[PDB]
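Q: Give me the fold of what follows.
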Amino acid sequence: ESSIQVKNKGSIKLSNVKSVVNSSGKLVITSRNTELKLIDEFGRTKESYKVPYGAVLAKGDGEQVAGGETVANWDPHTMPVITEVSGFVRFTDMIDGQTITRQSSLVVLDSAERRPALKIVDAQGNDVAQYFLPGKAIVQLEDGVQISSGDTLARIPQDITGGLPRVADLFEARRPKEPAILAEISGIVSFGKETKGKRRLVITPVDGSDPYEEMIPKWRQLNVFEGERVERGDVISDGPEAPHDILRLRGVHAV
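A: Residues are numbered from 1 along each chain as shown. See the structure here:
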């Protein structure tokens, strides 16, 4: 996400990247599906260089570059998320012994011990834009900081063996160790069902149109976003992809 090297002159070609207000003279990224392309003289491209949503545009879109220079420097270990609103941080529902564990810089809240996402105070006493509080989060700026747009405060920071076994797994369609969780129903980020019959983070639907029930184990982590996470369809959220899911959602040509 930080080491980007170009071959020759090319363009940006964001390919439908959601542009958001950034702290510096650049545009923030909120979409998880980002792909670049280099245009030298015609429609032929040089490389893709997919980057996460924490990428920061170092140059302009469609601007010719001599080459040998990075175009987007982002945090390799930290995954920043663009701020929903610009203003003071609104923190509430904080109880000592349940939402404060380590120490200023302190954890916002613990879901197991209890996610305050009321609103964001754009002004001194006016709020709008919900500040999600993930597990084991870190908050270093208290209320009333009045930070600029695009600022991120610890937004949750941080088989396929080439050979005959890989081919054998591919041709008989062996399921991966960690199949990706896909839900083509009302793909808007939410929260709830911490403890139920299923594992942690049982379900994460939205209203949309005719929502259904999809159980989520959430073993490693989740792939929730602040605003406009995904849409009609499904993208790789966690782990590798299973061919059966591609057949049932993407169709046949993608498979």
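Q: Do a quick rundown of the strands in the stretch 1-150 of the chain.
A: Shown for the stretch 1-150 of the chain, the strands assigned by DSSP state E, counting those that start in this stretch span residues 19-21, 27-29.
Q: Which of those sits closest to residue 245?
A: With C-beta to C-beta as the criterion, residue 245 lies closest to strand 27-29 of the strands of the stretch 1-150 of the chain, at 25.8 Å. The way it works is simple: take the backbone N, C-alpha and C, and place the C-beta from them, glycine included.
Q: ok, residues contacting the closest one?
A: For strand 27-29, the external contacting residues (C-beta atoms under 8 Å, 6 or more residues apart in numbering) are 17-22, 51-57, 82, 149-150.
Q: one more time with 7 Å
A: Residues from elsewhere that reach strand 27-29 (C-beta atoms under 7 Å, 6 or more residues apart in numbering): 17-22, 53, 55, 57, 82, 150.
Q: May I see the strands of the stretch 1-150 of the chain organised as a markdown table, with distance to residue 191 added?
A: Shown next, in a markdown table, are the strands of the stretch 1-150 of the chain (distance: least, C-beta to C-beta, whole Å):
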| stretch | distance to residue 191 |
| --- | --- |
| strand 19-21 | 22 |
| strand 27-29 | 23 |
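Q: and these, which is most packed in?
A: strand 27-29 (a mean of 23; mean count of other C-beta atoms under 10 Å).
Q: Skip ahead from it and say which helix or strand is next.
A: Proceeding N to C from strand 27-29, the next assigned helix or strand is helix 164-171, under DSSP states H and E.
Q: Filter the contacts of strand 27-29 down to the buried ones, ChimeraX style.
A: The buried subset of those, as determined by 16 or more other C-beta atoms under 10 Å, is captured in ChimeraX by this line:
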select :17,18,20,22,53,55,57,82,150
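Q: Contact partners for the closest residue to residue 146 other than its chain neighbours?
A: Nearest non-adjacent residue to residue 146, counting by C-beta to C-beta, 6 or more residues apart in numbering: residue 88, 4.8 Å away. Residues near residue 88 by C-beta under 7 Å, 6+ apart: 121, 143-146.
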